[PDB]
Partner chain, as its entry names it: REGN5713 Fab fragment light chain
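One chain is shown next in structure tokens, namely the form deposited without the partner chain.
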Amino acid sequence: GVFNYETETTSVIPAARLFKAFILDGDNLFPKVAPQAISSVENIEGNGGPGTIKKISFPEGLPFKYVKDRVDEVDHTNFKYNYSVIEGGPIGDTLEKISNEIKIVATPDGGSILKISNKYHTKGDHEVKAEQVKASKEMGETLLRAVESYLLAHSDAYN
């Protein structure tokens, strides 16, 4: 009973840059440029290389505790990022596993669009709640905005 939440977002930053900074360096940004969304990531070790895990931890006031993500390999030339949320967040209820695939696209006059693919893997019970898909899509849009204005404020970081 998986759900295919194929959504997307828009950013003024070109695809490549948005990737090297908002998708390749979110651990040294999300918290800095977005201390309101992330607090610090812990793991990124070298145990599985392509497909390792990470422990993202938000600041207090969170209804959850943290979130482990699976890089599931990563791209670069075509700006692609196949990762997962697995354990972490509102786990339980009706959402145990979650595989997300992202694909940035550069436009001749539209900056870059982030094609997000939230594949939810719940376990029977009720179906994924769009509202829930929105909360996560909310932290994702806010972060994109953080790394979006971080490149301009700083000296063109990730250039």
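Positions refer to the first chain, counted from 1.
The form solved in complex with the partner chain exists for this protein as well; it is not shown, and the discussion that follows is about that form.
Inset, instruction - With heavy atoms only and a cut-off of 4.5 Å, decide whether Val33 touches the partner chain in the deposited bound form. - result: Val33 belongs to the contact set for the partner chain.
Inset, instruction - Find out whether any non-hydrogen atom of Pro59 is located within 4.5 angstroms of the partner chain in the deposited bound form, and reply yes or no. - result: Flag for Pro59 set to yes.
Legend entry - Stretch 128-156: residues contacting the partner chain in the deposited bound form, 4.5 Å heavy atom cut-off: Sequence-ordered list has one entry, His154.
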